[PDB]
Amino acid sequence: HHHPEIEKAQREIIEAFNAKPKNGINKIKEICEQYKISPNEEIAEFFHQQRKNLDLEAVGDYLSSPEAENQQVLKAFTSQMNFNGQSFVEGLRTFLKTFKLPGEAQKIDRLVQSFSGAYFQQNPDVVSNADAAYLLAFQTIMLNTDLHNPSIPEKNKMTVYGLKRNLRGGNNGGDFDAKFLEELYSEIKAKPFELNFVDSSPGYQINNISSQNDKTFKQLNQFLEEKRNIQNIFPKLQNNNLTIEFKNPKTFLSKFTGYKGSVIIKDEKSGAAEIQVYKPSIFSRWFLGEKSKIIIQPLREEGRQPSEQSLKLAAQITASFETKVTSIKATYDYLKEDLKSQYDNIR
């Protein structure tokens, strides 16, 4: 149940959220503030209860975002799921199938971390800790994707013995119980996860990008590969004095998603934007596929929306790549039309 004020407003919240998620969230927060209701639990329960009616890509995006509120909402969202008595594979599959999963590594990482903590909390007798659940989760997703792909030669597919050898030392510095892994494998093999990811991520996205097909990406990639400092190689920004930083990902995450890290770009007018770089990696195919991609976004700072300057900088950076953008998607703060016009005006 919910406070009658939340119940009455369900339709209004759905329609506002679907048009612009920020407005739907803010409508929930306003009701909670006026009627003395704890907001994180309401947002979480709204996502579970109204799943049929909402833009699930936006639900998944909000839940997996980095700010305190998002994280607190996701903790409430996952804790409301019942994993007690569920097998590890059942719990993980049920959890993942709840979402349009995000196409950004840090976002998918927050979701897997959330499931890992909640599955362990509800089943301390099944897994040693949340880190072991995290390692198993990424393994299970990757193995399930490949085992259920009929185009992959049967000869390449990891066996139960192969899985045991693969997880040596991954259970709190030790090994997972043999019977636990035989069962894990049996459940992975029995059913495909049939995972659904968003087709595109918020902001500007360029799929199938390469050093061979793009001069801007060729140059950016050369800095990454030689581990040198990233210089202003952006043709739309050649009169701009930029400040460029590179944030390295955790090596584990990079291997499973192909996320090489984020280029943080700031101009002289307080504009801030991020380039998320993805390249095929050892364990990334189920997340990334076979090609490279870049995601460009205006940077949100100190829990506030990016400025108009940041939106312009994200469009300038995007238009600087030789390859035209494959998709333009609304951010939490800027409508798709605002990103498209800024891009179209520069490009």
# chains A, B, ... in the order shown; residues from 1 in each chain; ligands from 1
>>> select_by_dssp(residues="region 120-289 of chain A", states="strand (DSSP E)", output="list in words")
residues 203, 204, 205, 206, 207, 243, 244, 245, 246, 247, 259, 260, 261, 262, 263, 264, 265, 266, 272, 273, 274, 275, 276, 277 and 278 of chain A
>>> residues_around(residues="residue 94 (chain A)", least_positions_apart="2", cutoff="12 Å", atoms="only C-alpha atoms", output="ChimeraX atom specification")
/A:78,81-83,86-92,96-99,115,119,191-195
>>> closest_residue(among="A:121, A:65, A:139, A:345", to="residue 170 (chain A)", atoms="only C-alpha atoms")
A:139
>>> atom_distance(atom1="CA of residue 204 (chain A)", atom2="CA of residue 328 (chain A)")
4.8 Å
>>> residues_around(residues="residue 70 (chain A)", least_positions_apart="4", cutoff="10 Å", atoms="only C-alpha atoms", output="ChimeraX atom specification")
/A:40,43-44,61-66,74-76
>>> residues_around(residues="region 234-236 of chain A", least_positions_apart="2", cutoff="7 Å", atoms="only C-alpha atoms", output="MDAnalysis selection string")
chainID A and resid 216 232 238 316:317 320
>>> residues_around(residues="region 247-257 of chain A", least_positions_apart="4", cutoff="12 Å", atoms="only C-alpha atoms", output="ChimeraX atom specification")
/A:102-110,112-113,131,134-135,137-143,224,227,229-230,261-265,274-293
>>> closest_atom_pairs(of="region 33-110 of chain A", to="region 299-314 of chain A", cutoff="10 Å", atoms="only C-alpha atoms", output="tab-separated table")
residue	atom	partner	partner_atom	distance
A:66	CA	A:303	CA	9.6
A:67	CA	A:303	CA	6.7
A:68	CA	A:303	CA	8.5
A:69	CA	A:303	CA	9.3
>>> write_last_selection(atoms="C-alpha atoms", output="PDB file, in the first residue's frame")
ATOM      1  CA  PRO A  66      26.140   7.516  -9.351  1.00  0.00           C
ATOM      2  CA  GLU A  67      24.483  10.143  -7.096  1.00  0.00           C
ATOM      3  CA  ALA A  68      23.586   9.488  -3.430  1.00  0.00           C
ATOM      4  CA  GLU A  69      19.801   9.545  -4.107  1.00  0.00           C
TER       5      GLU A  69
END
>>> select_by_dssp(residues="region 83-310 of chain A", states="helix (DSSP H, G or I)", output="mmCIF file with C-alpha atoms, in the first residue's frame")
data_model
loop_
_atom_site.group_PDB
_atom_site.id
_atom_site.type_symbol
_atom_site.label_atom_id
_atom_site.label_comp_id
_atom_site.auth_asym_id
_atom_site.auth_seq_id
_atom_site.Cartn_x
_atom_site.Cartn_y
_atom_site.Cartn_z
ATOM 1 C CA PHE A 88 22.455 -17.958 -7.081
ATOM 2 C CA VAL A 89 21.733 -18.360 -10.814
ATOM 3 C CA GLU A 90 17.886 -17.983 -10.290
ATOM 4 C CA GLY A 91 18.363 -14.794 -8.201
ATOM 5 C CA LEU A 92 20.811 -13.237 -10.656
ATOM 6 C CA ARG A 93 18.655 -14.118 -13.723
ATOM 7 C CA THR A 94 15.425 -12.794 -12.020
ATOM 8 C CA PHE A 95 17.315 -9.624 -10.953
ATOM 9 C CA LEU A 96 18.840 -8.850 -14.429
ATOM 10 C CA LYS A 97 15.524 -9.584 -16.229
ATOM 11 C CA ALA A 105 30.030 -0.016 -17.700
ATOM 12 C CA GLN A 106 29.816 1.950 -14.390
ATOM 13 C CA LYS A 107 25.997 1.691 -14.519
ATOM 14 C CA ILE A 108 25.957 -2.125 -15.127
ATOM 15 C CA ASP A 109 28.628 -2.380 -12.348
ATOM 16 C CA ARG A 110 26.334 -0.603 -9.824
ATOM 17 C CA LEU A 111 23.504 -3.087 -10.631
ATOM 18 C CA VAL A 112 25.710 -6.187 -10.245
ATOM 19 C CA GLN A 113 27.154 -4.736 -6.961
ATOM 20 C CA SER A 114 23.583 -4.140 -5.684
ATOM 21 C CA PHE A 115 22.472 -7.748 -6.469
ATOM 22 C CA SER A 116 25.756 -9.123 -4.966
ATOM 23 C CA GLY A 117 25.242 -7.307 -1.633
ATOM 24 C CA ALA A 118 21.538 -8.212 -1.372
ATOM 25 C CA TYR A 119 21.955 -11.888 -2.452
ATOM 26 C CA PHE A 120 24.773 -12.302 0.082
ATOM 27 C CA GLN A 121 22.806 -10.513 2.871
ATOM 28 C CA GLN A 122 19.759 -12.758 2.294
ATOM 29 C CA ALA A 130 29.436 -9.943 -1.664
ATOM 30 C CA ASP A 131 32.823 -9.815 -3.556
ATOM 31 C CA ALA A 132 32.660 -13.559 -4.317
ATOM 32 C CA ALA A 133 29.026 -13.064 -5.441
ATOM 33 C CA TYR A 134 30.251 -10.153 -7.663
ATOM 34 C CA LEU A 135 32.982 -12.309 -9.324
ATOM 35 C CA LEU A 136 30.491 -15.214 -9.827
ATOM 36 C CA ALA A 137 27.833 -12.805 -11.198
ATOM 37 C CA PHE A 138 30.058 -11.446 -14.002
ATOM 38 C CA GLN A 139 31.258 -14.998 -14.779
ATOM 39 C CA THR A 140 27.642 -16.355 -14.894
ATOM 40 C CA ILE A 141 26.441 -13.577 -17.245
ATOM 41 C CA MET A 142 29.362 -14.095 -19.685
ATOM 42 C CA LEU A 143 29.176 -17.932 -19.624
ATOM 43 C CA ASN A 144 25.363 -17.965 -19.963
ATOM 44 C CA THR A 145 25.526 -15.619 -22.982
ATOM 45 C CA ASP A 146 28.090 -17.830 -24.787
ATOM 46 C CA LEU A 147 26.633 -21.280 -23.889
ATOM 47 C CA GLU A 154 30.638 -26.127 -29.116
ATOM 48 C CA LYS A 155 34.385 -26.950 -28.951
ATOM 49 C CA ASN A 156 35.171 -23.456 -27.385
ATOM 50 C CA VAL A 160 32.164 -27.812 -15.724
ATOM 51 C CA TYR A 161 35.831 -28.764 -15.128
ATOM 52 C CA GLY A 162 36.862 -25.617 -17.031
ATOM 53 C CA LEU A 163 34.610 -23.522 -14.786
ATOM 54 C CA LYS A 164 36.208 -24.980 -11.594
ATOM 55 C CA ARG A 165 39.736 -24.284 -12.966
ATOM 56 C CA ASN A 166 38.552 -20.784 -14.004
ATOM 57 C CA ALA A 178 32.799 -28.323 -6.194
ATOM 58 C CA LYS A 179 29.089 -29.256 -5.826
ATOM 59 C CA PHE A 180 28.106 -25.525 -5.729
ATOM 60 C CA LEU A 181 29.920 -24.995 -9.096
ATOM 61 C CA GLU A 182 28.469 -28.180 -10.687
ATOM 62 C CA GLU A 183 25.014 -26.863 -9.818
ATOM 63 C CA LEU A 184 25.889 -23.346 -10.910
ATOM 64 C CA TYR A 185 27.004 -24.692 -14.270
ATOM 65 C CA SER A 186 23.910 -26.936 -14.643
ATOM 66 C CA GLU A 187 21.583 -23.902 -14.087
ATOM 67 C CA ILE A 188 23.596 -21.654 -16.462
ATOM 68 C CA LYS A 189 23.385 -24.406 -19.144
ATOM 69 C CA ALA A 190 19.617 -25.087 -18.626
ATOM 70 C CA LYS A 215 41.050 10.510 -37.373
ATOM 71 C CA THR A 216 39.841 11.940 -34.016
ATOM 72 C CA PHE A 217 39.404 8.435 -32.541
ATOM 73 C CA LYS A 218 42.784 7.349 -34.102
ATOM 74 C CA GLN A 219 44.519 10.198 -32.191
ATOM 75 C CA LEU A 220 42.568 9.664 -28.930
ATOM 76 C CA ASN A 221 43.272 5.903 -29.014
ATOM 77 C CA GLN A 222 47.055 6.556 -29.690
ATOM 78 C CA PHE A 223 47.256 8.565 -26.390
ATOM 79 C CA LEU A 224 45.485 5.721 -24.548
ATOM 80 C CA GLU A 225 47.685 3.036 -26.068
ATOM 81 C CA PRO A 235 38.738 20.065 -34.710
ATOM 82 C CA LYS A 236 35.698 22.033 -33.338
ATOM 83 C CA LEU A 237 37.717 23.032 -30.301
ATOM 84 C CA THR A 251 40.786 -3.638 -14.389
ATOM 85 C CA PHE A 252 38.150 -6.291 -13.598
ATOM 86 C CA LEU A 253 35.296 -4.055 -14.951
ATOM 87 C CA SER A 254 37.377 -3.069 -18.065
ATOM 88 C CA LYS A 255 37.827 -6.799 -18.964
ATOM 89 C CA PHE A 256 34.111 -7.610 -18.601
ATOM 90 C CA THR A 257 32.737 -4.551 -20.437
ATOM 91 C CA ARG A 285 31.567 -9.467 -25.920
ATOM 92 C CA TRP A 286 28.277 -10.092 -24.244
ATOM 93 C CA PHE A 287 28.177 -6.456 -23.103
ATOM 94 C CA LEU A 288 29.821 -4.665 -26.024
ATOM 95 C CA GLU A 308 24.094 24.947 -21.116
ATOM 96 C CA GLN A 309 27.918 25.420 -21.629
ATOM 97 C CA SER A 310 28.513 21.699 -20.764
#
>>> atom_distance(atom1="CA of residue 273 (chain A)", atom2="CA of residue 196 (chain A)")
27.7 Å
>>> closest_residue(among="A:2, A:167, A:324, A:126", to="residue 208 (chain A)", atoms="only C-alpha atoms")
A:324
